[PDB]
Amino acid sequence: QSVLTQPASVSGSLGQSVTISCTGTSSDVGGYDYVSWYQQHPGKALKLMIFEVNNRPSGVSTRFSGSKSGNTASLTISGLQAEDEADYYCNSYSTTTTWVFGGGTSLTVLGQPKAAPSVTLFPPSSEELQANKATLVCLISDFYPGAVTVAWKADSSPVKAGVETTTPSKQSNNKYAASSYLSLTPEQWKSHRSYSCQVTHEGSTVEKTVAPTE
């Protein structure tokens, strides 16, 4: 046990700087000694950004810096680029538990140019029709925040169905990228007129509708 504490929410506007911290006890050994900071990225295998409180390896940029430990330590990221928003962990030597690792901080850049969701909703296929299972795949496109709510309609306001929603991370040079997926309707989806997904972005709603057509 004995994990160290660090805030989960971290945000910084584009072009400036942001500070993360991970408090500790005897792991920060009072005087600054041996603290590391790694970046995670979606599905990647981590890369050492900072080590020994404030030392940078070969290949990394001077945008990242380390601060005096004292008992809390800090990593300062200056000039937040595009590849900067991700998961950041801190690590330290612990005389009790060998290694003490971080809980994770999801850094996101706020000063991003807005993008419009290009929603596409698909109807069930014939293979699904003959399999007695019907699913409606309504996948979104680029947006600005990771939080993008979706309301699903048959004709007007149905709820408590097979709605399944996620909020995937950034795709290759597509900024906040997209999310996908939704409701599982039974064999009788042609009993209703149509089905639509109304995605909600920054105060605006954009819907996409499909209907049974042969």
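Start at 1 with the first residue shown and count on from there.
Once the C-alpha B-factors are averaged per stretch, 33-41 and 146-154 rank with 146-154 first.
A summary of the deposited B-factors shows that, of 196-204 and 5-13, the stretch with the larger mean C-alpha value is 196-204. Of the residues listed, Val100, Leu110, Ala86, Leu75, the entry assigns the biggest Cα temperature factor to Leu110.
In the PDB entry, a CA B factor belonging to the highest third of its chain's modelled residues is recorded for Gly59.
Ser191 sits in the highest third of its chain by CA B factor, as recorded in the PDB entry.
The deposited CA B-factor of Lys170 belongs to the middle third of values across its chain. The deposited CA B-factor of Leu48 belongs to the lowest third of values across its chain. Sorting the modelled residues of the chain by their CA temperature factor places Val137 in the lowest third.
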